[PDB]
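The structure appears right after this line, and notes come after that.
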Amino acid sequence: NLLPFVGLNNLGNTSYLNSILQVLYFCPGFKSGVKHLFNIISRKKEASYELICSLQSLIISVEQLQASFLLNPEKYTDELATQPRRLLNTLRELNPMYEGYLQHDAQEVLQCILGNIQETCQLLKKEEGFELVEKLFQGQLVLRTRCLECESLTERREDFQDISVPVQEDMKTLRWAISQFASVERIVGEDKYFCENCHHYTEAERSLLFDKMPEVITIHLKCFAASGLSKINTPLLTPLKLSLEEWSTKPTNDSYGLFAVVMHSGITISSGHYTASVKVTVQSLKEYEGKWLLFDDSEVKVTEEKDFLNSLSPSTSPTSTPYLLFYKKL
Amino acid sequence: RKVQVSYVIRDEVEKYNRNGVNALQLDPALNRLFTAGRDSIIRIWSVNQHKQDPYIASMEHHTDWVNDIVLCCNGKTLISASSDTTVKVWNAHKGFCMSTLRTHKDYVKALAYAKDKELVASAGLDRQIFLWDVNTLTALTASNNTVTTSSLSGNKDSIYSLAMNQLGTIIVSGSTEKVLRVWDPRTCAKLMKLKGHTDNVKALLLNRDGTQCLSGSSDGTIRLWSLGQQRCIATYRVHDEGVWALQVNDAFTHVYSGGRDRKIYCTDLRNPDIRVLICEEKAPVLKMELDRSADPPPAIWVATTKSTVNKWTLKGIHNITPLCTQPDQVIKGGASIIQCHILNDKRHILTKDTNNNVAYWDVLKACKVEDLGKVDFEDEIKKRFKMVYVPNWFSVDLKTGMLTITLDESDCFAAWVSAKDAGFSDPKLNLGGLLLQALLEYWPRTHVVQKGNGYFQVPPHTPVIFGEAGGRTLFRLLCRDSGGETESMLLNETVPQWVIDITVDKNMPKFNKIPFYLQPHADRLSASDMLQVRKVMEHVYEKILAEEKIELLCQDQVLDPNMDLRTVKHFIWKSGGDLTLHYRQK
Amino acid sequence: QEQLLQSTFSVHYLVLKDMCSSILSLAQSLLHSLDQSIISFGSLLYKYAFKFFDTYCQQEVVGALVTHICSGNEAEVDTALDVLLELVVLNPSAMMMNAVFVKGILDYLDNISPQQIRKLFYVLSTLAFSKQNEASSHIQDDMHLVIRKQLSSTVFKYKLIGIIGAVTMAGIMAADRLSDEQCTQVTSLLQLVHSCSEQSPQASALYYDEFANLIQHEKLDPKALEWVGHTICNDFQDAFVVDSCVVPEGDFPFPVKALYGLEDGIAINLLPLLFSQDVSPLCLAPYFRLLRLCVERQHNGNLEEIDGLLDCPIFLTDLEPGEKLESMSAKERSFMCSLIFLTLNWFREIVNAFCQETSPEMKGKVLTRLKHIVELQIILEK
Amino acid sequence: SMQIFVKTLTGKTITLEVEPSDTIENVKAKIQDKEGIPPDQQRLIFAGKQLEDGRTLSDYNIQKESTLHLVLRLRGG
Ligand SMILES: [Zn+2]
């Protein structure tokens, strides 16, 4: 009954890292990129880099156990999984907060992993494909301010890796959440914009626009509120198909398809459990194409697409709150 | 909230506008024009062509942008709205503020007037619309200072324009809701919700009987509405950019419009094809006033973002190349300070205005030192750089086109400067404490008799303003007026404790202390920020003539003997830890 | 009296509601006392405030109780836990939305005794399964994950806390008043506890002790009893019970024989497992008690299935001192002293099982075992 | 002194008056005055990078009209 998909063992309050690693492993082009960086580093060494090495070791380890299970399925009975002990240890050196066995944010550890990959890429490119994070997860935002007195426009350029959107007002769909993010908003009253053309505090309209789009659109759901901090257990209506044309500087025909969801189970924000649900994109592996795998640490299940989306629906109240949505470019 | 003390560095008489003009009101009986300036001053001008100097009076009681003015009661009363969240009643014949209405919670942007009923409505960014009867407002006295308020409701966003009809039976509101809301001022009941605009509305007009409404919006379209049918009966698109000002004739057949595109057009309402380009202004048009002495109007007064107010003749509209090329009459305007730099001593400021002139100011004495002409502003900053560091103790805002200096409890007393370092001939001096004593010099409560701080004096005409931090103006007065009976009683209630401590109790503020490390170059010490390097030099000398034998180092650089520790920590140190100094024999 | 306090709140809660903060401060001070009359009144002052006041003062009541449970006093923690249980039973709907604060006590289990930990899990479990609404399902799956990450904890104390909490939850989960999907869900929880405690013998012993007390003192669904009895009976047979036909073999430094039989048979393979430790034999007694109770519950007091365990011999050495007590080494006596304790504990548990029989020869076997306990106990002092 | 924007948990933009020399502790304290979220529970994301405590706004090249994003920690394990 064991599926040919390697899970990850919980080393003690590390399902935040396991859910991220399973999403990153199945992310299109991430395994290919990390292999390429390892080749450059290994050749450079044979002629700071530990995180790239640790990622390579984990990817190979997952690959070999998957290979061995296919050849000899009788060798494994209870569960097929491996331990990211080396990768976890590297995170403790890079970030001291990971020392111990406490519970951590899944988006934060993904940010730490992706942030240090780009630093290694920049250092290697400085010493010298190389644009792993930038082509995959990094896009460009255009933030426009319109003073309501003089009607002058000011613009800013800012990069982004994830789109943090609200889930509540203070049913709703993902379209509403991105509207609350990038549609025009009026800042008034206590939050007046200081126009340097008027030399005065004025009301203004702020709108965000997508200029450059990455290969992977990460949506960070603010499933938490303040009054006092609490968790919002009601999800949005997450669609399988997403088009960011409404909020783009140029008209585009490029749509994105959902391929990974990171969920959080718990009634509070200070503790809980993280699980990942990933869509599957040798001959026996093709029977899982178009299906969703749920990664509950070392246990891997499989779910049909129509059943998985119903599990995400707010109508059937789920105990696992979606927290990160990953969309890949079609 | 916390009370802040602020004052304006200016001349006694500001004859000309130092910023743009937001509103215009014309008095046909006395031939007088009123300009609501962005420099917080209302001015009266004689529109008679004979007078080479049209200036009459300045109505200076606001502390921020004056947004709207209405001239009511046959030119005897003026109502004004301002960004300081207050509505004020003025004596338009003498030119003094009679009362202040503090019902609004945000900027007050619009004033509507009904001539027949003497009814005035004030609306603003707090989404409120209040109705006022001028006769009740003008009849207020010291004992009779209570008024019943009738406020319209229903508007879900900030109002930018307001209008009423001649008969006082229809009131229309324009806001960023992109819709027009109409009430009946008599019953305060909602009538209709006009829709069709796709942007903010800044201009509104109504006819005598209040059955048709003209509205101009930031979307660049003028819409004529029918209140009977509750629909838009015509739309006019004659402007490239948003329409900000509207004027109509007594027959309500020709509309005069101007906006951000700087062009003014005369369009016939019966047929939009007949359009006349009156002029092309040098700045975006904020407001226009029609000369209604004759029909058709002979001329129009135009207020823009510049300090100059121009009058354009309208002879030949009914008789693209503009009709006019030069304004018939011109009201002169001043210069607005647009750039500001506080020098390293925290006592002098270099400013650059809209005329590119650069001036040198003394904050402590609250006066201008010298005009530097059209010298490059950045170069003048470099030519006046000094290797000294004084902590920030004031803030500068240029919202009125003038120098306003704000003093806050957090950092007013952070700058201790020796008398020798300043121009006063050495005892230690606190710049913030000295300025506060000079601002409140005429206040009898500060007398124990000597007056002031005994070193300098701000000009007597300096407007001293007390207001809440990010709030409302508690009390405004001139420096020389603190001795009056009314002002002194008001000062006792508004002046906060942190100003009483220094100006009345004569207490001395804290002395900031900077600890530092002395180590031999190859024992933590705490000293005053003003301590010179010589004092540290002689301390090491006694530990082991002192000037000659000992050289102190920081970051492998030599320290000037006359330089102070405060300057060393700021420039040379370039580190986020306790300042370390290294001593070695010469 | 209680009735005066009950009547006071019942008809004049309108005026008392204005001062809920003042009443709760009075209630909290009363609970710090040492007399039961004062403590009982202070607990009542908490319960009546929760019953009659509004939502905001109810959160104050729960927050005040959580502070008492985290205070450290044995008297306060015991009393406040009783108040929490009463509030859950009385008004589960009001306590339903206060579960976040009650869940917060789990962060302070270090200064809470194991007896109070069991009670804290009982109120949490009975509150999570009080209703079937969507609010309960969030807490139900929340409680499962808290224990799931305690069962797998490397820290031994939290591993034991996970066993106590998971056995406690299964009691409410399988409590008889149960559909198949609930029956397999509680069964999966027990399979989780069994797997986690397999390695550690003392942790495995706690699982048997806690789960046996649940079978004895609680009435559960028959289907739940069906699975537990099946898995225990076969595992116990495979673990300890061995055939008497096959002679023992090994590298034992002692002669190994079958001892203490009565009157082709089964026997308890006690000694070789004890020697190999130089299921663990240390869990033989608590495990058999679990087997006996599970068999008894399904058959309603009938126990023919474990008849052979009473009279079966025990694989033991020549336990009589053959004038070699002084020559015995320290390792040998220490091993053999544990041999006597495990043999005595097995016989004591055997007596517990068949002490309620009626048949004459059935009773004589028990008395013979009772005689064996006494005489073998005398050998212990040697 | 400049003005920056912070998009809060509801997506609603607020404004702060900051110095280029202000530390991330100071910025987080300003948000607490406007939002009520304790600084230790605050995560500030600028241009895809989380602002680290102990550094200043000049380290990240944060200038006028720069937008920060405020999120909390959803701890799991
Ligand atoms: Zn502006």
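Numbered from 1 within each chain, the chains take letters A, B, ... in sequence-line order. All heavy atoms count here, side chains included; hydrogens, waters and symmetry mates do not.
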If the contact rule is any heavy atom under 4.5 Å from chain A, which residues of residues 10-21 of chain D qualify, in numerical order? D:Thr10, D:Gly11, D:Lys12, D:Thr13, D:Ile14, D:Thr15, D:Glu17
Set of salt bridge (charged side-chain N to carboxylate O under 4.0 Å, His left out) partners for A:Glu119, sequence neighbours left out: none
Mind checking whether D:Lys7 and A:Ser164 have side chains closer than 4.5 Å, heavy atoms only? no
Largest heavy-atom contact set with chain D, pairs under 4.5 Å, which of A:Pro166, A:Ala106, A:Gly266: A:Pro166
Taking non-hydrogen atoms and a cut-off under 4.5 angstrom, which of residues 175-184 of chain A neighbour chain D? A:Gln180, A:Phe181
Does anything in residues 68-77 of chain D pair up under side chain to side chain donor-acceptor pair (under 3.5 Å), and if so which pairs, sequence neighbours excluded? A:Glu108-D:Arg73
Counting only non-hydrogen atoms closer than 4.5 Å, does A:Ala225 touch chain D with its backbone (N, CA, C, O), its side chain (CB onward), both, or neither? backbone
Structural part of A:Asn10 lying under 4.5 Å from a heavy atom of chain D: side chain
Heavy atoms only: give me the nearest A:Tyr323-D:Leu74 pair and the separation to one decimal. CD1-CD2, 3.5 Å
Smallest separation among heavy atoms of D:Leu72 and A:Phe224, with atom names: N-CE1, 3.2 Å
Verdict with reasoning, A:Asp159 to D:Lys49, per salt bridge (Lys or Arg N to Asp or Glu O under 4.0 Å): CA-CA 9 Å; A:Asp159 291 331; D:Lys49 284 192 211 43; over 6 Å; no
Which one, A:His273, A:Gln107, A:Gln118, A:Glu185, leads in non-hydrogen pairs under 4.5 Å with chain D? A:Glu185
What is the distance from atom OG1 of D:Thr67 to atom CG of A:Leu208, rounded to the nearest 0.5 Å? 6.5 Å
Does the side chain of D:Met2 reach to within under 4.5 Å of the side chain of A:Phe194, using non-hydrogen atoms? no
Part of D:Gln41 lying under 4.5 Å from any heavy atom of chain A: side chain
Whether A:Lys222 side chain and D:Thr8 backbone form a donor-acceptor pair below 3.5 Å: yes
From A:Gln161 CD over to D:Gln50 CD, what is the distance, rounded to the nearest 0.5 angstrom? 11.5 Å
Check whether A:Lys231 gets within reach of chain D through its side chain, its backbone, both or neither, counting any heavy atom under 4.5 Å. side chain
For a quick test of reading the model, state the closest non-hydrogen atom pair linking A:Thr145 to D:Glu65 and the distance between them. OG1-OE1, 3.3 Å
Chain A contact via D:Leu70 - side chain, backbone, both or neither, heavy atoms under 4.5 Å: backbone
Would you indicate whether the side-chain heavy atoms of D:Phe5 and A:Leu143 approach each other to under 4.5 Å? no
Between A:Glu196, A:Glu155, A:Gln138, A:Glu169, which residue shows the highest count of heavy-atom pairs closer than 4.5 Å to chain D? A:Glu196
Using non-hydrogen atoms only, which part of A:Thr154 is less than 4.5 Å away from chain D: side chain, backbone, both, or neither? both
Does any backbone or side-chain atom of D:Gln3 lie under 4.5 Å from a heavy atom of chain A? Answer side chain, backbone, both or neither. side chain
